[PDB]
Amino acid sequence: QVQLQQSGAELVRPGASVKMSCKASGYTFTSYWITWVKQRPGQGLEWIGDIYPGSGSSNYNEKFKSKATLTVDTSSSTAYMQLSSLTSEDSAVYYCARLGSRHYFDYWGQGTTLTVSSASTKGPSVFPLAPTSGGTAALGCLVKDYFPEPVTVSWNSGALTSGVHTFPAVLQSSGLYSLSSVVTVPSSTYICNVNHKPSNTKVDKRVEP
């Protein structure tokens, strides 16, 4: 099928450049335009520009005319976008889409999350949460002080799924992130398996009263 696979997340220092890939498959790459979209949490979507792989011709939004640079490698069927001299305003999820025959983006890529920071990675400190309002009782994990995002929290290596709420990460005054993952169980063992890929911090933890 028609697929668009984007490159992995980037953590790049401000002032430096970043180059991301969108590997196209399942269609004649050189026949349809590829567009790039910026997505910052809260300020909607932004059109960066498009490129026709069979020509290398490109349209840019005058906003990003000097920020982004679009290229194509027709041999490997990959389209590229380079973001030069990065700033905090460039931290966003970058989507890559194929413009279809019927004048609409029919296929998209999963996206690449760009985090623009000079700070080096930080593994989280996992802490347990002490195990009754509303007939139920709760326990959990505090994944505290880590950078960048994200962390993957599961319970009983995936066995426990019901009543689990993995809260969204919060930015702390310290500049580091911190999320909670709580599992609600009523009157009738519990292990949390935290995983931070950026600093290879896979930490298991048993929550006991």
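The first residue of the shown sequence is 1; numbering continues from there.
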Notebook entry, point to check: Taking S188 and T189 as adjacent modelled residues, how many residues of the deposited sequence between them have no coordinates (none, 1 to 3, 4 to 9, 10 or more)?
Noted result: 4 to 9
Checklist line | Extent of unmodelled deposited sequence, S101 relative to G100 | finding: none
Checklist line | Mean C-alpha temperature factor, higher of 92-100 and 122-130 | finding: 122-130
Next item on the list: Between 153-161 and 167-175, name whichever shows the higher mean Cα B factor according to the PDB entry.
Entry: 153-161
Next item on the list: Please work out which residue in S66, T184, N61, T35 has the highest C-alpha B-factor recorded for this crystal structure.
Entry: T184
Checklist line | Residue of maximum C-alpha B factor among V116, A137, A79, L83, per deposited coordinates | finding: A137
Next item on the list: Name the third of the chain's ranked CA B-factors that contains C192, choosing lowest, middle or highest.
Entry: highest
Margin query: Can you tell me whether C141 has a C-alpha B-factor in the lowest, middle or highest third compared with the other modelled residues of the same chain?
Written below: highest
Checklist line | Relative C-alpha B-factor of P53, binned into the chain's lowest, middle or highest third | finding: lowest
